[PDB]
Structure formats: structure tokens, C-alpha cells
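K.L.:
This structure is in C-alpha cells; I'll ask about it shortly.
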Amino acid sequence: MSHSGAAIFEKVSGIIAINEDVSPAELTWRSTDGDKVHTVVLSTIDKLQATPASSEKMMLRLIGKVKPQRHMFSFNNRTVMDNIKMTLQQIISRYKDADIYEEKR
Amino acid sequence: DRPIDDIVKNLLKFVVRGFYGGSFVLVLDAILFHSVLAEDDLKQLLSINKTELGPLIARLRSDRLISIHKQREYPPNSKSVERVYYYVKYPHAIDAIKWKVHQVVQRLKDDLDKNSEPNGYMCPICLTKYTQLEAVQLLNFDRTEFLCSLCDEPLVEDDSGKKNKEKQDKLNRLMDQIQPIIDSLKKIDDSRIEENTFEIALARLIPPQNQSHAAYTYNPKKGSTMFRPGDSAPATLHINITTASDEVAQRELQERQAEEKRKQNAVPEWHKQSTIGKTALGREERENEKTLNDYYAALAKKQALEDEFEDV
Amino acid sequence: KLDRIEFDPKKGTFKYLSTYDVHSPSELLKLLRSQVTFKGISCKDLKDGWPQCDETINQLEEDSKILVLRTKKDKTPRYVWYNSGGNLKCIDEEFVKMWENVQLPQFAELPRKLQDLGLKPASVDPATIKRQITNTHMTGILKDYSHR
Amino acid sequence: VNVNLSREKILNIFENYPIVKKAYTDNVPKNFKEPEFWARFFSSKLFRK
Ligand SMILES: [Zn+2]
């Protein structure tokens, strides 16, 4: 209950899941009927934008490093949104560390 | 999640499948497979008309196996309309189930006890039941037959004299049939369940449809003191690997810090030397290596969207 | 070019492709299980491409393997769902009537009643829930370090 | 929070613990890079144990 949840992508309701077993970890979103499927490699993400907790809107956006690619998601429950955000924070942070080390060396 | 949640779900599934008809299973199963479910979505999931859905929801609501939640919604493109959501409040359903199971068992036990008492009497004409005590005082002068009051007619002995065993069989069957419910309740009592709410249920939501009109979000009105009945319920780690070059670099930084550290306590120059005589104040190896390598090689050879946002 | 037609390059043949490729109770059972949502599969489409469906569906209904929605004009199978629970029929009609007869008390009083009988109530009364100067030439340099 | 590591310390960890080396040789480099492994290792419960 910390790697899956309901989310809305491009005005389409679906289930958002975090797949960490396969390296690199990628964010996969699937529609309820399975017609639409979206996959994003977390290694390409540069920053993680999230709406403030003081606003009724509950969007979470990931921006890819370079017309940079932008992925936006909307959730339903703040607890689900926060739980996904905390997990995503760990993945993005580690990949950023690897990028710094790779360029540093 | 938690093992208890499955136990509660299993108890609900058995109760609905046994003590209710067929369509009831479909409605409750859909609302158990998913979290809070909009009425419109529920209709199309089961493809049953609104009129048929009414009896199912109403009876389930009456037994408190399903809870209701109405909130005002403001679609960006259409006039506001009130939406109805259905979910399961486990404390409510378990509480209702526990009482009903006890009542049914108690009723049979009381009925079984009642059948063990004398039969009684009744009047065929006025269909008025008379107890043994009441019939004794209405007998005739000859004291041969009981007489009715309204009709003044002989009474007839009542039935149920042969049911002493039938009711015992009825109680025996129900206890054996209802075994899984008690076993589930026993495990439920051992654990502690948290009361569910419309917002809480949304955490486990599985969207029913692709473009459902109903917004499965709970945006409570800002700072509202109104209270409705039955609507309230009870850091990053980075690691840097230091090599030999970095180790000496850290030593140089530490040495610089030590040099600056003493300065804050170092005495000034005025303080050091007595200043009375001064003025006033104011106003090639590489080639040798290659031949060695060639020579040693010979030796080896020889030897071998603009919205407010924050950065998280 | 159509989607409901299947081509066979081995013999150069066109076949009537069906929405659901099920021709056995095992295939139907797994298809219902694989569903990610509780949207039943139409029996109108299930019948197409399969000679008999009512006979197979009826047997599964007796076995309590699937849930079947039947019409009202006459018993005819419609949209079906996988049975995640136990036996569909496990309570005698004489006890269902008794369950119908029993009427629950007011919810605000039900938890109290169970405690009287010695049964632990998994609920609480909603009424018990409680809601819960000089030197002005430093206009903004002075930070309020009131507490430590 | 930052933690400093050195190759001499890295070798010491392998020598004093064979489980860490076992999960290091069969993973680095096949799926990801060494720096992520140690950050992954420290955040794991194996390091705590
Ligand atoms: Zn009479």
C-alpha cells in the first residue's frame, strides 16, 4: 500500500504503480480498461513538483531533464499522494546522486 | 495491508451470499472490490436499472452493511449537482451482524422453550387463543368441556404438541450452518478495527470507469463548523567516496580551518608591540623508463499548464 | 482490415474471430478472474462463437464457481462475475426469513445494547466523539529570537 | 546527511563481512553502479543488523 494507488493521467482514471524490482526503477500508469498505458523511466526525471498541501488540488508532476518532457499526475487521497511522493522522493534523490558522481568522475 | 481486513471482508461476503438474494451479492461485492463507489458507476458495473438498484441499496442501507455519503460537487463545465457514494463501514456492519446473529439464535431458543410449554386452547369461531389458566375459569357448569366467552362454544385443543423435536432440529441446523460467522467474529474481537470514512476509503480506491463523471475526491469545505449526523468517526542520505586525492584535499581544508580557528583568539598588533614611537591615528626519465621497459621486456623474452508548485 | 476476422496464412483462410476466445469452463473461469474491475462480461457476446453457454453457465452456478445475473422474464444468464466468496447457497430459506424479521435498534443505542448482553461492541456512540520603541533605523534587520 | 567512505574502508567492510561482498560482486556492475549500491546498502536493514 506504498507502491500502488489510484491516479488520473490526461483526464483518464487509472492505477499508478512504482516498479522498483527492474533496474532502473520506472513509474508505470495503466488505465482501468487497459486501453491506455504510460511508462516513465525515473532516471530521466530531474525535479519532482507537487502541489502545496494548503490547496484543494492534488497534482504531482515529474519533469525530465533535457522543450523538456513533462509528466503530470493527479491523485484522489492526500495519504495516497503523500505515500507515493515519499517513495518517489527516495528514487529521484538516489538517481540524482548517481548523476552527480558520474559527472564528477 | 492487514490480515484482519481480509477476515472482515470474508465475513461480509459470507453474510451477503447466504442471508441475501443474488443481486445483493453483486452490489456488495462491487463495493467491496472497490472503495467508495459512485451510484452512476455502480449502475453500469452491474448493468442494472436504477429502479432495480433501489431495493438492493435500500435494504443494505437498512442493515447498515453499506454507508452513504452525499457531498456537493462543482464540475468545471456543468452546474453543481449532489453526488452519492457508497462504501462499507466495518464497525457498523460488524456491529449490525453481531446483533442480528444473536437475535436469530435467541428467537429460536425462546421459540424452542415456548414449544415445550403446554399447548393451550382456541375457539374455532372467534379464533381467540386461550391459555390453560384462562380456559380453566371459562368451563361450563357440568365441568365437561371448556366454553368460549364471546361464542359460548366448546373450545379446541391447540397444535404444536409434536414440534418439540422439529424446533430442536431447526436450532441444530442453524448453529452448524452459521459456524463460519462465529469463527470470523471470534478473530475479529481479538484484533482491533479502525472505523472507515469516505476520505479514508478513498485511499484504497480502484477507479471503476475510464472517464467517470463523479469526482472521487473529498474536498471538505474550508473551516466549516457544521456537523452532520453519522458523518464523524473516531530525510535523505548521500554518500561521497573519498579517494587519496580527496583525502589530502580534506586535510588541506581541515588545516585551513585550524589556521582560521586560532585567529579569533589571536592578539592584535597594537596589543603585541608597545606603540609609543609611531605616528598618530586618523585621516629524461621517460626515455630511461622506456629503455628499461624494453630491456626488461627483452629479459622476459630472453628468460622465457501553469499552477502553483513547490520543489520537493 | 477488420478486427473481428482472423487470417490463416497456412491455408489462406479467414475465420470469424470472437471477442472472447473461450470454449471450456476452465477458460471462462480464468477470464473472469483476470478482470481488473467488477464489470461483468456480457453473455450476449459470450454466446457468439460458442454453441452452448447456458448449459455450462448453469453448471457453474450450481457449483458456486461464478455469479450470474439472470433476467426477470425468464431464467436466462446475463453478465456474470467471478465468485470470490464461498458457496453461493448456504442458508436455508427458513433462516433467511428470520434474518429479515430481525430489525436492528437505533445505531446510537446499539453499542450499549451489546455490552448489556456481554458481546463486545465494535463501535462507539457518535455523541462520544469530540471535535478537535527606539532605534527604528533598522527597519527589518532585527529578527525575533524571542525563545533561544 | 553525508557519510564519507574510502577504498581502504571499503575493503575492510568486505573482509569483516562476507554477506556484503556476496551481494556486491553479483550485482556491481550488472544492474547499476557501485555508488548506488552503498547508498542502497546503508539505507537497507542489512546494514542496521
Ligand atoms: Zn369464541
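Following the order of the C-alpha cells, chains are lettered A, B, ..., residues in each are numbered from 1, and ligands are numbered from 1.
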Give me, as a VMD selection string, the set of residues whose atoms come within 9 Å of any atom of ligand 1, counting only C-alpha atoms and all ligand atoms.
P.N.:
chain B and resid 122 to 129 147 to 155
K.L.:
Since we have the selection now, will you write its residues out, keeping N, CA and C atoms, as a tab-separated table (two decimals), in the first residue's frame?
P.N.:
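Wrote out-v4.tsv, looks like this:
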chain	number	residue	atom	x	y	z
B	122	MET	N	-58.05	-22.82	21.89
B	122	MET	CA	-58.53	-21.81	20.96
B	122	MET	C	-60.00	-22.07	20.67
B	123	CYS	N	-60.69	-21.01	20.25
B	123	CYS	CA	-62.09	-21.12	19.86
B	123	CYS	C	-62.20	-21.15	18.35
B	124	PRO	N	-62.81	-22.18	17.75
B	124	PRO	CA	-62.88	-22.23	16.29
B	124	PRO	C	-63.63	-21.07	15.67
B	125	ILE	N	-64.58	-20.47	16.39
B	125	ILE	CA	-65.43	-19.44	15.81
B	125	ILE	C	-64.73	-18.08	15.82
B	126	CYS	N	-64.41	-17.57	17.00
B	126	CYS	CA	-63.80	-16.26	17.13
B	126	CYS	C	-62.28	-16.29	17.00
B	127	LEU	N	-61.68	-17.47	16.89
B	127	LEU	CA	-60.24	-17.61	16.70
B	127	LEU	C	-59.47	-16.86	17.78
B	128	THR	N	-59.95	-16.98	19.02
B	128	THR	CA	-59.33	-16.35	20.18
B	128	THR	C	-58.56	-17.41	20.95
B	129	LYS	N	-57.26	-17.17	21.14
B	129	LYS	CA	-56.42	-18.11	21.86
B	129	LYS	C	-56.61	-17.96	23.36
B	147	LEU	N	-65.74	-23.63	27.59
B	147	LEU	CA	-66.69	-22.80	26.86
B	147	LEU	C	-66.08	-21.44	26.56
B	148	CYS	N	-66.30	-20.95	25.35
B	148	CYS	CA	-65.81	-19.63	24.96
B	148	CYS	C	-66.66	-18.54	25.61
B	149	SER	N	-66.06	-17.35	25.72
B	149	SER	CA	-66.77	-16.21	26.28
B	149	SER	C	-67.62	-15.51	25.22
B	150	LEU	N	-66.98	-15.10	24.12
B	150	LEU	CA	-67.71	-14.42	23.05
B	150	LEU	C	-68.74	-15.34	22.41
B	151	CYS	N	-68.37	-16.60	22.18
B	151	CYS	CA	-69.19	-17.51	21.38
B	151	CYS	C	-70.00	-18.49	22.22
B	152	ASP	N	-69.56	-18.80	23.44
B	152	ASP	CA	-70.22	-19.82	24.26
B	152	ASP	C	-70.25	-21.16	23.53
B	153	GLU	N	-69.10	-21.54	22.98
B	153	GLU	CA	-68.95	-22.74	22.17
B	153	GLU	C	-67.78	-23.56	22.69
B	154	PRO	N	-67.83	-24.89	22.56
B	154	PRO	CA	-66.70	-25.71	23.02
B	154	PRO	C	-65.40	-25.32	22.33
B	155	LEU	N	-64.32	-25.34	23.11
B	155	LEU	CA	-63.00	-25.00	22.60
B	155	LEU	C	-62.33	-26.22	21.96
K.L.:
Could the residues of chain B within 10 Å of chain A, counting only C-alpha atoms, be given as an MDAnalysis selection string, please?
P.N.:
chainID B and resid 1 199:212 215:222 235:241 305 307:312
K.L.:
Define the interface residues of chain C facing chain A as those within 12 Å, counting only C-alpha atoms, and report them as an NGL selection string.
P.N.:
:C and (34-39)
K.L.:
Any chance you could export the current selection's C-alpha atoms as a PDB file, in the first residue's frame?
P.N.:
ATOM      1  CA  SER C  34      -8.195 -11.908 -14.811  1.00  0.00           C
ATOM      2  CA  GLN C  35     -10.654  -8.989 -14.827  1.00  0.00           C
ATOM      3  CA  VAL C  36      -9.198  -5.944 -13.085  1.00  0.00           C
ATOM      4  CA  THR C  37     -12.655  -4.415 -12.471  1.00  0.00           C
ATOM      5  CA  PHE C  38     -16.086  -5.737 -11.490  1.00  0.00           C
ATOM      6  CA  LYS C  39     -17.569  -5.190 -14.971  1.00  0.00           C
TER       7      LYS C  39
END
K.L.:
DSSP says strand (DSSP E) for which residues of chain D? Put them as a compact mmCIF listing (two decimals) with N, CA, C and O atoms, in the first residue's frame?
P.N.:
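Produced file part-v4.txt, reproduced below:
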# COMPACT_ATOMS: atom_id res chain seq x y z
N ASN D 2 25.60 13.53 5.00
CA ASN D 2 26.68 12.98 4.19
C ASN D 2 27.56 12.06 5.03
O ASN D 2 27.84 12.35 6.20
N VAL D 3 27.98 10.95 4.43
CA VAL D 3 28.88 9.99 5.06
C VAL D 3 30.06 9.76 4.13
O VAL D 3 29.89 9.58 2.92
N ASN D 4 31.26 9.77 4.70
CA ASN D 4 32.50 9.66 3.94
C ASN D 4 32.99 8.22 3.95
O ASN D 4 33.02 7.57 5.01
N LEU D 5 33.37 7.72 2.78
CA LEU D 5 33.90 6.37 2.63
C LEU D 5 35.21 6.43 1.85
O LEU D 5 35.44 7.34 1.05
K.L.:
Write out as a list in words the residues lying within 12 Å of residue 33 of chain D, counting only C-alpha atoms and excluding same-chain residues fewer than 2 positions away.
P.N.:
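Within the cut-off, the hits are residues 23, 24, 94, 95, 97, 98, 99, 101 and 102 of chain A; 24, 25, 27, 28, 29, 30, 31, 35, 36, 37, 38, 39 and 40 of chain D.
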K.L.:
Name the closest residue to chain B among the candidates D:8, D:45, D:16, D:21; distances are taken between atoms, counting only C-alpha atoms.
P.N.:
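Going through D:8, D:45, D:16, D:21 one by one, the smallest distance to chain B is for D:8.
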K.L.:
For residue 79 of chain C, list every protein, DNA or RNA residue within 8 Å, evaluated using only C-alpha atoms, and leave out those in the same chain fewer than 4 positions away; present the list as an MDAnalysis selection string.
P.N.:
(chainID B and resid 46:47) or (chainID C and resid 40:43 68:69)
K.L.:
Once you have the residues from the selection above, write them out as a CSV table (one decimal), in the first residue's frame, restricted to C-alpha atoms.
P.N.:
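Okay, selection22.csv is ready:
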chain,number,residue,atom,x,y,z
B,46,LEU,CA,-23.8,-4.3,-12.9
B,47,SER,CA,-25.8,-3.0,-15.9
C,40,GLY,CA,-19.3,-8.4,-15.9
C,41,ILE,CA,-18.8,-9.9,-19.4
C,42,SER,CA,-21.9,-9.8,-21.5
C,43,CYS,CA,-23.4,-13.3,-22.1
C,68,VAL,CA,-24.7,-15.0,-12.7
C,69,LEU,CA,-27.3,-12.2,-13.2
K.L.:
When distances are computed from only C-alpha atoms, which of D:32, D:1, D:9, D:17 shows the smallest separation from chain A?
P.N.:
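Nearest candidate to chain A out of D:32, D:1, D:9, D:17: D:32.
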K.L.:
Only residues of chain C matter here; which ones have an atom within 10 Å of chain B, counting only C-alpha atoms? Give them as a ChimeraX atom specification.
P.N.:
/C:36-42,67-70,78-81,83-105,107-108,110-111,113-114,117,119-131
